[PDB]
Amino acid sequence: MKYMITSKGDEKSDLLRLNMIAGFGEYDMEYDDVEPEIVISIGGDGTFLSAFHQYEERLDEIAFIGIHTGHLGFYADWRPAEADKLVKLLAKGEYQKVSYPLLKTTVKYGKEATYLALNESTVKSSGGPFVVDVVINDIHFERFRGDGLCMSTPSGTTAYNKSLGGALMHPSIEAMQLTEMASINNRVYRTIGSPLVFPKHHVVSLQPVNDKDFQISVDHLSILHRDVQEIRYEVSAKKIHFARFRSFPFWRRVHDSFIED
């Protein structure tokens, strides 16, 4: 069907893309980057994340594939030398689809803006100290003082979440995980410290205490938000779909990326 291919833009990826386009020319495949049904990403995880956000308005109509021209990536988990066998099976179709949960972030002002995350959404201060009240399903849980907070998808747990001490969870779990960045804990200031894993339909709301300017990042994209009244986190109703052509279990991908490959 309709398909498009993004490239990291180096010599290796551009050339692989042109060779795959030539392979797709031999089948009933039409190149369309407006309404594709298959999005292939050649590069790294950033390149894949860029591709997801390019088509986040059509997630239910697209199956993603990532090719890693550098090291093994978590989302780009197929090798460049296997690009031909990829072109073949993708042209025949009859593949299976694999869905991962996504994360919704809502920012209210004094207006509303929402964002979809594949890895995580983080919050930091514009420059001053970062103080925010953390409210869970309208229950005030803590007042966080520190550098910032990170709300991660399941597949994102191996990313920024991992460096902050968070747990790695399997993407079949529809959940989201909040981790701390350098919280200050003493006699007066008290946070939980432990990461928190929230189920679907739970709402985690951050509410300012003094300064209302916050550096909010969604994957690679970071934006300064002024006069913030509330940041809301919840597991999205939408999901990203992966075209799978063979078994590459999550824990196997985790073993190869962190233990030994």
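In this text, the rigid core denotes the largest set of C-alpha atoms whose superposition between the two forms falls within 1.5 Å. Residue numbers run from 1 along the displayed sequence.
Of 125 to 133 and 146 to 154, which departs more from this form in 6 other deposited structures of this protein by CA RMS after core fitting: Stretch with the larger root mean square C-alpha distance in 6 other deposited structures of this protein: 125 to 133.
Which of 188 to 196 and 60 to 68 strays further in 6 other deposited structures of this protein - Cα RMS after rigid core alignment: Higher average C-alpha offset in 6 other deposited structures of this protein goes to 188 to 196.
Do at least a third of the other entries of this protein fail to model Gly110? In at least a third of the comparable entries (those modelling both sides of it), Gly110 has no coordinates.
Are any deposited residues left out of the model between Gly110 and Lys111, and how many (none, 1 to 3, 4 to 9, 10 or more)? Count of unmodelled residues in between: 1 to 3.
Which is higher in the entry, the mean Cα B factor of 139 to 147 or that of 125 to 133? Stretch with the higher mean C-alpha B-factor: 125 to 133.
Averaging only over Cα atoms, indicate whether 83 to 91 or 165 to 173 has the higher B-factor in the PDB entry. Result: 83 to 91.
Taking the values straight from the PDB record, which of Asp45, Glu230, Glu30, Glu234 has the highest C-alpha temperature factor? Max CA B-factor in the entry, restricted to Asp45, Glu230, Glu30, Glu234: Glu30.
For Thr106, the third of its chain into which the C-alpha B factor falls: CA B-factor rank for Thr106: middle third.
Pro36 - which third its CA temperature factor falls in, relative to the rest of the chain: Tercile = highest for this residue's CA B-factor.
Looking at the C-alpha B-factor of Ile216, is it in the lowest, middle or highest third of its chain? Middle third, going by the recorded CA B-factors of the chain.
Within this chain's modelled residues, let me know which third the CA B factor of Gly70 belongs to: lowest, middle or highest. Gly70: CA B-factor falls in the highest third of its chain.
Third of the chain, ranked by Cα B-factor, where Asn186 sits: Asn186: CA B-factor falls in the middle third of its chain.
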